[PDB]
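K.L.:
My file is coords.pdb. It has PDB, C-alpha atoms:
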```pdb
MODEL        1
ATOM      1  CA  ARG A   1      -4.122  35.016   6.947
ATOM      2  CA  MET A   2      -6.580  35.479   9.795
ATOM      3  CA  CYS A   3      -8.738  32.514  10.762
ATOM      4  CA  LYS A   4     -11.715  31.978  13.011
ATOM      5  CA  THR A   5     -11.548  29.212  15.552
ATOM      6  CA  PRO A   6     -14.232  27.994  17.990
ATOM      7  CA  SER A   7     -12.993  28.018  21.574
ATOM      8  CA  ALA A   8     -11.880  24.409  22.054
ATOM      9  CA  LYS A   9     -11.383  24.753  25.803
ATOM     10  CA  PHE A  10     -14.481  26.888  26.255
ATOM     11  CA  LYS A  11     -17.833  25.293  25.478
ATOM     12  CA  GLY A  12     -21.223  25.414  27.092
ATOM     13  CA  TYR A  13     -22.208  28.660  28.689
ATOM     14  CA  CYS A  14     -20.580  31.700  27.177
ATOM     15  CA  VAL A  15     -21.651  34.202  29.816
ATOM     16  CA  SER A  16     -19.231  36.896  28.751
ATOM     17  CA  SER A  17     -16.908  37.286  25.842
ATOM     18  CA  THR A  18     -14.179  38.719  28.047
ATOM     19  CA  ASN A  19     -14.159  35.438  29.997
ATOM     20  CA  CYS A  20     -13.836  33.510  26.753
ATOM     21  CA  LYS A  21     -10.955  35.779  25.698
ATOM     22  CA  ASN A  22      -9.024  34.614  28.767
ATOM     23  CA  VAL A  23      -9.248  31.032  27.561
ATOM     24  CA  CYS A  24      -8.632  31.914  23.914
ATOM     25  CA  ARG A  25      -5.591  34.062  24.702
ATOM     26  CA  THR A  26      -4.233  31.195  26.763
ATOM     27  CA  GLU A  27      -4.601  28.874  23.776
ATOM     28  CA  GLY A  28      -3.128  31.392  21.366
ATOM     29  CA  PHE A  29      -5.906  33.564  19.978
ATOM     30  CA  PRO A  30      -5.373  37.378  20.213
ATOM     31  CA  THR A  31      -8.911  38.407  19.428
ATOM     32  CA  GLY A  32     -11.969  36.770  20.945
ATOM     33  CA  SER A  33     -15.707  37.200  20.540
ATOM     34  CA  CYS A  34     -18.810  35.398  21.771
ATOM     35  CA  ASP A  35     -21.509  34.445  19.278
ATOM     36  CA  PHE A  36     -25.212  33.599  19.303
ATOM     37  CA  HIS A  37     -26.481  30.180  20.321
ATOM     38  CA  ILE A  38     -27.587  28.158  17.323
ATOM     39  CA  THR A  39     -27.535  24.708  18.814
ATOM     40  CA  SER A  40     -25.380  25.697  21.732
ATOM     41  CA  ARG A  41     -23.813  28.996  22.746
ATOM     42  CA  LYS A  42     -20.633  29.449  20.763
ATOM     43  CA  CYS A  43     -17.523  31.526  21.104
ATOM     44  CA  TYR A  44     -15.316  32.352  18.169
ATOM     45  CA  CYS A  45     -11.844  33.653  18.607
ATOM     46  CA  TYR A  46      -9.405  34.534  15.853
ATOM     47  CA  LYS A  47      -6.130  32.853  15.052
ATOM     48  CA  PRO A  48      -3.306  34.289  12.895
ATOM     49  CA  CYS A  49      -2.568  31.737  10.170
ATOM     50  CA  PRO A  50       0.203  31.670   7.527
TER      51      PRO A  50
ENDMDL
END
```
As a first step, turn the structure in this file into structure tokens.

P.N.:
Amino acid sequence: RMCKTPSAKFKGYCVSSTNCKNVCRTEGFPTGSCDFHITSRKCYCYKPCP
């Protein structure tokens, strides 16, 4: 399965998605993408799940 996971170590200002990817790929998420700010600016990276 493929899951979506909010960047745990990246919260606040998501200036660029590529910057977020660095954090996400360090945590263990191959694919990363920045989203639109609802309450705060979010970043959602994807995690391969069983």

K.L.:
Between A:30, A:22, A:50, A:40, which has the minimum distance to residue 5 in chain A (counting all atoms listed in the file)?

P.N.:
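For residue 5 in chain A, the nearest of the candidates is A:30.
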
K.L.:
If we count only C-alpha atoms, what is near residue 4 in chain A at a cut-off of 9 Å, once residues fewer than 2 positions away on the same chain are taken out, given as a ChimeraX atom specification?

P.N.:
/A:2,6,44-48

K.L.:
Deliver the residues from the most recent selection as a file, using C-alpha atoms, as a tab-separated table (two decimals), keeping the file's coordinate frame.

P.N.:
```
chain	number	residue	atom	x	y	z
A	2	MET	CA	-6.58	35.48	9.80
A	6	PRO	CA	-14.23	27.99	17.99
A	44	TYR	CA	-15.32	32.35	18.17
A	45	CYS	CA	-11.84	33.65	18.61
A	46	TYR	CA	-9.40	34.53	15.85
A	47	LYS	CA	-6.13	32.85	15.05
A	48	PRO	CA	-3.31	34.29	12.90
```

K.L.:
Evaluated on this file, the PyMOL selection byres ((chain A and resi 11-21) around 10) picks out some residues - which ones are they, written as JSON, numbers by chain?

P.N.:
{"A": [6, 7, 8, 9, 10, 22, 23, 24, 25, 26, 27, 28, 29, 30, 31, 32, 33, 34, 35, 36, 37, 40, 41, 42, 43, 44, 45]}

K.L.:
How big is the axis-aligned box around all listed atoms of range 10-29 of chain A once 6 Å goes on each side, and where's its centre, in Å to one decimal, as AutoDock Vina command-line options?

P.N.:
```
--center_x -12.7 --center_y 32.0 --center_z 25.0 --size_x 31.1 --size_y 25.4 --size_z 22.0
```
